[PDB]
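These notes concern the structure reproduced below.
As a convention, Cβ positions derive from the backbone with ideal geometry for all residues, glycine included, and neighbour counts pool all protein chains shown. All of the numbers you see were taken from the coordinates with simple rules; none came from a lab.
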Amino acid sequence: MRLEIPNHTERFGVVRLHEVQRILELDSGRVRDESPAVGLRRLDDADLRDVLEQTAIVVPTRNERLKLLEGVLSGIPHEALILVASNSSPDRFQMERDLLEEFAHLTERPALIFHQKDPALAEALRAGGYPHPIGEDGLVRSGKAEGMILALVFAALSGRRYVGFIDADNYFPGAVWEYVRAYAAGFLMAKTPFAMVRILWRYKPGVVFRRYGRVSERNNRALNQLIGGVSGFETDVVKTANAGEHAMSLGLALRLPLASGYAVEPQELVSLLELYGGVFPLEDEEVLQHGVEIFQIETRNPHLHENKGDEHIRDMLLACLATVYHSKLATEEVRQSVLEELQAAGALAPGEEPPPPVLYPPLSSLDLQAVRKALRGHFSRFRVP
Amino acid sequence: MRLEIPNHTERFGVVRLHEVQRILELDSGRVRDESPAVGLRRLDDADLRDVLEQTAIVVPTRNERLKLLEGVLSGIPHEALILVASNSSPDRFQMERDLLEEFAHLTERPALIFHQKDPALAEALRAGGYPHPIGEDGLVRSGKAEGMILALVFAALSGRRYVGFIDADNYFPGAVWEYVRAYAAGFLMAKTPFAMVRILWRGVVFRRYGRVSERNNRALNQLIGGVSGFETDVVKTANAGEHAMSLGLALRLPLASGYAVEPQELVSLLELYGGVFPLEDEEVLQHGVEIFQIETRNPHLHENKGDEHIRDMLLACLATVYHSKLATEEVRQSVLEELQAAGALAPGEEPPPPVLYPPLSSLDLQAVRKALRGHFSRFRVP
Ligand SMILES: Nc1nc2c(ncn2[C@@H]2O[C@H](COP(=O)(O)OP(=O)(O)O[C@H]3O[C@H](CO)[C@@H](O)[C@H](O)[C@@H]3O)[C@@H](O)[C@H]2O)c(=O)[nH]1
Ligand SMILES: Nc1nc2c(ncn2[C@@H]2O[C@H](COP(=O)(O)OP(=O)(O)O[C@H]3O[C@H](CO)[C@@H](O)[C@H](O)[C@@H]3O)[C@@H](O)[C@H]2O)c(=O)[nH]1
Ligand SMILES: [Mg+2]
Ligand SMILES: [Mg+2]
Ligand SMILES: [Zn+2]
Ligand SMILES: [Zn+2]
Ligand SMILES: [Zn+2]
Ligand SMILES: [Zn+2]
Ligand SMILES: [Zn+2]
């Protein structure tokens, strides 16, 4: 894989937020006597795989066609561990388990699968002193976030260094291969234990392709405005406010609180800034000397995700602007810019005070020993030989 | 890369057609010390690339969005030599030359490019003892087939062993990568110098394209059964835009003109090496031909929704069979019926015997190498 080097890179405390990098070549081949370029990076097959050998790929699903999910699976590079994080209907979940098993079996690779609403996991969490995801029903709430949270836990338990997420509503397995390799590419270019990689795909000049465009644009702005509010300079750096397909080294993943809804992606960035932007004093000694790199990689393969959702669009916007409005870094100027976008579209007339998004605190607080203690008689269930 | 094992294999003279194989895993990793076997084919990354280091990948284009073509290029595995065969308008060709030059420089890899209507090549072919694809104007005829012929000449010259084709109307570089890894996957599983790999995929739109290719496939299978004496289901890639072949094979093979290119490749295989007619080629007699058919995980999602061509595609293919020297009266009539049934005059129906260029083997490479001497500069994207 050959990417561009980011021409500029926003600095913000110890966070280093790189400008978008285009991928020029999907597959760079095998390094020998190559002539060094200063404007782009070639990443060697070998090293990409070695990185993927330490990488967990979470595939979250809630009643997604089986064909699709199989498609996605066949597309994940061999070296990565697969975790299906399911929340499907009980029937479908079984079908998913059998699907994974055929797959892991035939391709001689380890995987894990689990279900969001599994009581075993709920007590596991709670024993490890992490009761926050559980609901009135005594089970973990439905929500992609809560699924990811549990996937993070497995990632942690399985000793993988990096976690990446790939959505299962992906028609193109070849795409998935790229996104996953691009994660590994990010982590290679990184020179910090604490790295994040976010995939985007921009569309350059309708119903779906048109008016979702102008919302990510707005969403992206509100992040840049948030940064601007602090540095005292405008910036156009953030282009991945929502980035479903994103990855992070586990060391950083466990450090970040997560939000509940569509708010999840945007929050991560806000969190990073609040935590490591040098404004509030910084506790974490190992981050203060290594810093955080954030990569934004522009993929060669389009994001084609099936749907039939309109009111997901409104919400997406709403959630992003919420996380910014309620940031401890939001200057008075930003807060109002944001509130005006909201009202002037769809949310509370007078009279707006957009719900503060609700935040699970970092997993760094979950005693992993307790969890290991608590699922001993079960780990062979989640595990798919 | 992991694939299914073909669950059967038609033997026809020394030709072996494999039943379709699904790719199960796009990327099987590095086989480093690994316990092999099971009922699938696993192909090591290292072996795959060593094969691509011997592979030319031809990208034909007539007047296609540049952004599409950059895409396609970006998906070709690094090891593979890129040949852009152009027949675009004067203006565009320039832009294409630039595009490629940029890409190859930036990614440090050899490419070549030519225009189908370049006079220098027409002179070269005529020198090579091969005037056949030249039109009246004195320039090479338009049509994809003619482009491929030229690209094969470049392939032979560049001394690569294996030639793959990839159409540029392709929206997903990821798909492109899978195709080219599949071509290598094919050649790796072959136990012969003479191998061929053919890729396929599985409103009221694509219903039209379906029933016709299943009809094109059926036609080819009928060709086979009429000879063997027993019906077969095996040909599923009568049309195969994305295909590859070891070069040794390609130069032995006479090429048809229209949408006859793909079907005719199979028919000529069967006629030359099916054991019916005298087969004299000490090497093919002794090594035989393997044809693979690989079902890809990534959809063929191209730039199209037009119906005039579709009929023509059917007519083309059914003609190649009708006019085969292997067709039986039964096989002939069955074609004629479908072909009238769809679109073709009631009485006087005898679909055009397609026109075929003789094998490229019948060409002197040193002659063309002499003739292109002052010109290699402009073809090679230096
Ligand atoms: N474990 C779990 N998985 C879920 C849940 N709900 C959905 N999923 C699965 O996780 C993915 C969520 O995808 P969608 O339901 O398609 O959400 P979306 O509206 O397409 O939005 C996505 O893309 C955006 C683009 O960057 C993202 O902003 C967003 O977070 C999300 O990933 C899907 O693969 C789905 O099958 C859940 O409650 N729990
Ligand atoms: N060099 C050259 N290229 C051409 C010419 N005409 C078309 N091409 C290019 O070669 C490819 C042929 O694709 P289309 O022109 O889109 O043909 P099609 O009707 O889409 O059919 C394609 O797909 C089918 C899939 O198996 C095939 O059956 C068919 O042969 C062809 O590849 C495209 O990249 C096209 O721009 C030509 O005269 N010369
Ligand atoms: Mg989706
Ligand atoms: Mg086409
Ligand atoms: Zn810049
Ligand atoms: Zn996506
Ligand atoms: Zn069969
Ligand atoms: Zn021999
Ligand atoms: Zn195709």
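Can you find a residue that is crowded, with 19+ Cβ neighbours inside 10 Å, touching an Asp or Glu at 6+ places or on another chain (Cβ under 7 Å) and assigned to a helix (DSSP H, G or I) anywhere in the stretch A:123-141?
There is no residue in the stretch A:123-141 that is crowded, with 19+ Cβ neighbours inside 10 Å, touching an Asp or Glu at 6+ places or on another chain (Cβ under 7 Å) and assigned to a helix (DSSP H, G or I).
Quick check on my filter: what residues within the stretch A:132-182 are of a type in the set (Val, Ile, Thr) and under 21 Å from A:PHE295 (Cα atoms)?
Hits for the stretch A:132-182 are A:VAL163, A:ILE166, A:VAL176, A:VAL180.
With (1) within 14 Å of chain A (Cβ to nearest Cβ); (2) buried (at least 22 other Cβ atoms within 10 Å of the Cβ) as the list, and B:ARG109 as the residue in question, which single condition is left unmet?
Going through the list (1) within 14 Å of chain A (Cβ to nearest Cβ); (2) buried (at least 22 other Cβ atoms within 10 Å of the Cβ), B:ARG109 breaks only (2).
In the stretch A:78-87, how many residues are surrounded by fewer than 24 Cβ atoms within 10 Å (Cβ to Cβ) and either within 14 Å of chain B (Cβ to nearest Cβ) or assigned to a strand (DSSP E or B) (or both)?
4
Sort out which residues of the stretch A:313-332 are surrounded by fewer than 17 Cβ atoms within 10 Å (Cβ to Cβ) and of a type in the set (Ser, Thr, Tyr), and write them in order of number.
A:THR331
In the stretch B:158-173, which residue that is more than 16 Å from ligand 9 (Cβ to nearest atom) and more than 13 Å from the chain's Cα centre (by Cα) is surrounded by the fewest Cβ atoms within 10 Å (Cβ to Cβ)?
B:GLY159
Between a residue in the stretch A:243-267 that is under 26 Å from A:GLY159 (Cβ atoms) and any residue that is of a type in the set (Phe, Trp, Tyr) and in a helix (DSSP H, G or I), which pairs come within a Cβ distance under 6 Å, given they are 6 or more apart or on different chains?
From residues that are under 26 Å from A:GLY159 (Cβ atoms), the pairs are A:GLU245/A:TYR179; A:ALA247/A:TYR183.
Here's the yes/no breakdown for (1) surrounded by 15 or more Cβ atoms within 10 Å (Cβ to Cβ); (2) in contact with a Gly (Cβ under 9 Å, 6 or more places away or on another chain):
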{"site": "A:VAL338", "(1), (2)": "yes, no"}
{"site": "A:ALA345", "(1), (2)": "no, no"}
{"site": "A:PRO350", "(1), (2)": "no, no"}
{"site": "A:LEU368", "(1), (2)": "no, yes"}
{"site": "A:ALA374", "(1), (2)": "yes, yes"}
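Please go through the stretch B:1-52 and pick out each residue that is part of a helix (DSSP H, G or I) and either buried (at least 19 other Cβ atoms within 10 Å of the Cβ) or more than 12 Å from chain A (Cβ to nearest Cβ) (or both).
B:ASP45, B:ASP47, B:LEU48, B:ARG49, B:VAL51, B:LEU52 - these are the residues of the stretch B:1-52 that are part of a helix (DSSP H, G or I) and either buried (at least 19 other Cβ atoms within 10 Å of the Cβ) or more than 12 Å from chain A (Cβ to nearest Cβ) (or both).
Using the structure shown, decide if B:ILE310 is surrounded by fewer than 20 Cβ atoms within 10 Å (Cβ to Cβ) and either in a helix (DSSP H, G or I) or away from ligand 4 (no atom under 16 Å from the Cβ) (or both). If you could, list the steps in order and put the result at the bottom.
On the way: surrounded by fewer than 20 Cβ atoms within 10 Å (Cβ to Cβ): yes; either in a helix (DSSP H, G or I) or away from ligand 4 (no atom under 16 Å from the Cβ) (or both): yes.
Answer is yes for this residue.
Residue under question is A:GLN94, and the condition is that it be within 24 Å of A:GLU293 (Cα to Cα), among the polar types (S, T, N, Q) and more than 9 Å from every other protein chain (Cβ to nearest Cβ); does it hold?
In short, no.
Among the residues of the stretch A:24-54, which ones are in contact with a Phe, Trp or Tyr (Cβ under 7 Å, 6 or more places away or on another chain) and of a type in the set (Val, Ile, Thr)? Break it down stepwise before answering.
Here is the first cut: in the stretch A:24-54, the ones in contact with a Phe, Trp or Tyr (Cβ under 7 Å, 6 or more places away or on another chain) are A:26-27, A:51, A:54.
A:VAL51, the sole residue that qualifies.
Can you confirm whether B:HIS243 is away from ligand 3 (no atom under 16 Å from the Cβ), more than 14 Å from chain A (Cβ to nearest Cβ) and surrounded by fewer than 19 Cβ atoms within 10 Å (Cβ to Cβ)?
For B:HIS243, the condition - away from ligand 3 (no atom under 16 Å from the Cβ), more than 14 Å from chain A (Cβ to nearest Cβ) and surrounded by fewer than 19 Cβ atoms within 10 Å (Cβ to Cβ) - is not met.
Take the conditions within 14 Å of chain A (Cβ to nearest Cβ), more than 19 Å from B:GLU303 (Cβ to Cβ) and either more than 16 Å from ligand 8 (Cβ to nearest atom) or not basic (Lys, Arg) (or both) and apply them to B:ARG211. Does it pass?
In short, no.
If B:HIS300 satisfies all but one of (1) out of contact with any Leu (no Cβ under 9 Å at 6 or more places or on another chain); (2) surrounded by fewer than 21 Cβ atoms within 10 Å (Cβ to Cβ); (3) within 23 Å of B:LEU200 (Cβ to Cβ), what's the number of the condition it fails?
With respect to (1) out of contact with any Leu (no Cβ under 9 Å at 6 or more places or on another chain); (2) surrounded by fewer than 21 Cβ atoms within 10 Å (Cβ to Cβ); (3) within 23 Å of B:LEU200 (Cβ to Cβ), B:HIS300 is out only on (1).
Can you find a residue that is in a strand (DSSP E or B), within 14 Å of chain B (Cβ to nearest Cβ) and not charged (D, E, K, R) anywhere in the stretch A:67-77?
No, the conditions are met nowhere in the stretch A:67-77.
Spot the failing condition for B:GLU64; the list is (1) assigned to a loop (DSSP other than H, G, I, E, B); (2) more than 9 Å from every other protein chain (Cβ to nearest Cβ); (3) crowded, with 20+ Cβ neighbours inside 10 Å; (4) touching a strand residue (DSSP E or B) at 6+ places or on another chain (Cβ under 9 Å), and only one is missed.
Among (1) assigned to a loop (DSSP other than H, G, I, E, B); (2) more than 9 Å from every other protein chain (Cβ to nearest Cβ); (3) crowded, with 20+ Cβ neighbours inside 10 Å; (4) touching a strand residue (DSSP E or B) at 6+ places or on another chain (Cβ under 9 Å), B:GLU64 violates only (4).
Could you go through the stretch A:147-157 and let me know if any residue there is assigned to a loop (DSSP other than H, G, I, E, B) and surrounded by fewer than 23 Cβ atoms within 10 Å (Cβ to Cβ).
Within the stretch A:147-157, not a single residue is assigned to a loop (DSSP other than H, G, I, E, B) and surrounded by fewer than 23 Cβ atoms within 10 Å (Cβ to Cβ).
Quick check, is B:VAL176 within 14 Å of another protein chain (Cβ to nearest Cβ) and buried (at least 20 other Cβ atoms within 10 Å of the Cβ)?
So B:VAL176 fits the description; yes.
Out of B:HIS78, B:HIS105, B:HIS115, I need the residue that is touching a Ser or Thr at 6+ places or on another chain (Cβ under 6 Å) and under 28 Å from B:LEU48 (Cβ atoms). Which one?
Residue meeting the stated conditions: B:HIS78.
Are any of the residues in the stretch B:230-239 within 16 Å of ligand 7 (Cβ to nearest atom), within 14 Å of chain A (Cβ to nearest Cβ) and in contact with a strand residue (DSSP E or B) (Cβ under 8 Å, 6 or more places away or on another chain)?
Looking through the stretch B:230-239, none of the residues is within 16 Å of ligand 7 (Cβ to nearest atom), within 14 Å of chain A (Cβ to nearest Cβ) and in contact with a strand residue (DSSP E or B) (Cβ under 8 Å, 6 or more places away or on another chain).
Does B:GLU295 qualify as being away from ligand 4 (no atom under 16 Å from the Cβ), under 19 Å from the mean Cα position of the chain (by Cα) and within 14 Å of chain A (Cβ to nearest Cβ)?
Yes: the conditions hold for B:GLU295.
Are any of the residues in the stretch B:281-292 more than 26 Å from B:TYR162 (Cα to Cα), away from ligand 1 (no atom under 16 Å from the Cβ), more than 14 Å from chain A (Cβ to nearest Cβ) and not β-branched (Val, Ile, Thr)?
No - not one qualifying residue is present in the stretch B:281-292.
Please determine whether any residue of the stretch B:228-242 is under 14 Å from the mean Cα position of the chain (by Cα), under 14 Å from B:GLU265 (Cβ atoms) and of a type in the set (S, T, N, Q).
The answer is yes, given that some residue of the stretch B:228-242 is under 14 Å from the mean Cα position of the chain (by Cα), under 14 Å from B:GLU265 (Cβ atoms) and of a type in the set (S, T, N, Q).
Using the structure shown, decide if B:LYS191 is of a type in the set (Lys, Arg), under 25 Å from B:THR55 (Cα atoms) and crowded, with 17+ Cβ neighbours inside 10 Å.
no
When the stretch B:1-56 is examined, which residues are found to be more than 19 Å from A:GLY75 (Cα to Cα), more than 22 Å from the chain's Cα centre (by Cα) and among the acidic types (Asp, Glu)?
B:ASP33, B:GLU34, B:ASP47
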